[PDB]
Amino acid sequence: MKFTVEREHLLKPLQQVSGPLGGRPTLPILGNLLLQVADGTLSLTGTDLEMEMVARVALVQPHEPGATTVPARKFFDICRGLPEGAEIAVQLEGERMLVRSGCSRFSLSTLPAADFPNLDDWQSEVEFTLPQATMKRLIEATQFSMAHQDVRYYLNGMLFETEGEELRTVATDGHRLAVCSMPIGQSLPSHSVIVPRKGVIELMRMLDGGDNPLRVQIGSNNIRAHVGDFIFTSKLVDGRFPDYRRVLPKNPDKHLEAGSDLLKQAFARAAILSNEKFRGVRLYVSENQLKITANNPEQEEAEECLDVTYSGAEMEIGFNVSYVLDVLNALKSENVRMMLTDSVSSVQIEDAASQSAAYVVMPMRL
């Protein structure tokens, strides 16, 4: 196996395929990248057994077929450490991989390509394409609401749902929920899958928002995303995900609109004097007026008053201010709308200008 490529044709591929890796995998070959030269293509693959990233780079310079695996970190550091525009010549020689560039020479230990974990083939059941920027928005809008290491393993991930011609993401940790929907101009079957948290993050980081459209293939137990020269595959999470339709408040009859920044900064200050563990704040609403209060076990107190647009009856409600801040931070709109019902019901929050994304936060007794 032999190839010569320009540094800059190798760096991003190396970075992408290293994604699924960790510093020190127990099974050592998982710390390595699979390199394959076939025809006019160099393929690079990294895996953690649950998901895999593949990158293909065209070989315009002389090359010879073959395969081996090399330490990902070392090989990436070498390439990144070389000067901009450097030509990187690689040859397999025994069980060492030789790397030459300019007046620099490196000899890396290898592990047999034959030892590299091969993810089973599977069949695509549902397929569609959409702009990268769209997928990116769908994930960004909801990702923060995913559970982390919950015993409810099905919550440590994101629901990807197809219905009509919409793709929809849903994330919840059992306390707060995020949903975002985008039309993608194709008739789809109704289908739902749970992508694991680490897979969601990997997919997110593979998208640069560019001109290459994202092609998605969903099987019964896997999902694959193809964009440009990168191919990402992840296993799916089993289990039944909550129904976001059941969580959305029914006919909220109270509507608040306010500047997003002003509102966020008020909650952020009030949070300072909220209980450090439970983060409870109170919201008082009345005609065109909003008051936020916070206190803590030290009997310190914060009060924020704000001019808003509010029509319905007066009410107060408590909730976890971190959940509200997460929402306001994710919105990235100028104006925010909150739909309320009463003090024992959830609140729905959205960008005032779009219903694409919706957020649900529970009430909390303070």
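Numbering starts at 1 and follows the sequence shown.
Item to check | 306-314 or 34-42, whichever carries the higher mean Cα B-factor | outcome: If you average the C-alpha B-factors of 34-42 and of 306-314, the larger mean comes out for 306-314.
Checklist entry - Which is higher on average in the deposited entry, the C-alpha temperature factors of 268-276 or of 92-100? => result So the stretch with the higher mean C-alpha B-factor is 92-100.
Checklist entry - Between 163, 77, 208, 140, which carries the biggest CA temperature factor in the record? => result 208 has the highest C-alpha B-factor of those listed.
Checklist entry - Which one of 202, 238, 87, 173 shows the biggest C-alpha B-factor in the PDB entry? => result Checking the PDB record, the top C-alpha B-factor among 202, 238, 87, 173 is at 238.
Item to check | Chain third (lowest, middle, highest) by recorded CA B-factor, residue given as residue 157 | outcome: Answer is lowest: the recorded C-alpha B-factor places it there.
Checklist entry - When the modelled residues of the chain are sorted by Cα temperature factor, does residue 21 land in the lowest, middle or highest third? => result Highest third, going by the recorded CA B-factors of the chain.
Item to check | Ranked against its chain, the third holding the CA B-factor of residue 221 | outcome: Middle third, going by the recorded CA B-factors of the chain.
Checklist entry - What third of its chain's C-alpha B-factors does residue 215 belong to: lowest, middle or highest? => result Ranked within chain, residue 215 CA B lands in the lowest tercile.
Item to check | Position of residue 301 among the chain's modelled residues by C-alpha B-factor, lowest, middle or highest third | outcome: According to the entry, residue 301 has a C-alpha B-factor in the chain's middle third.
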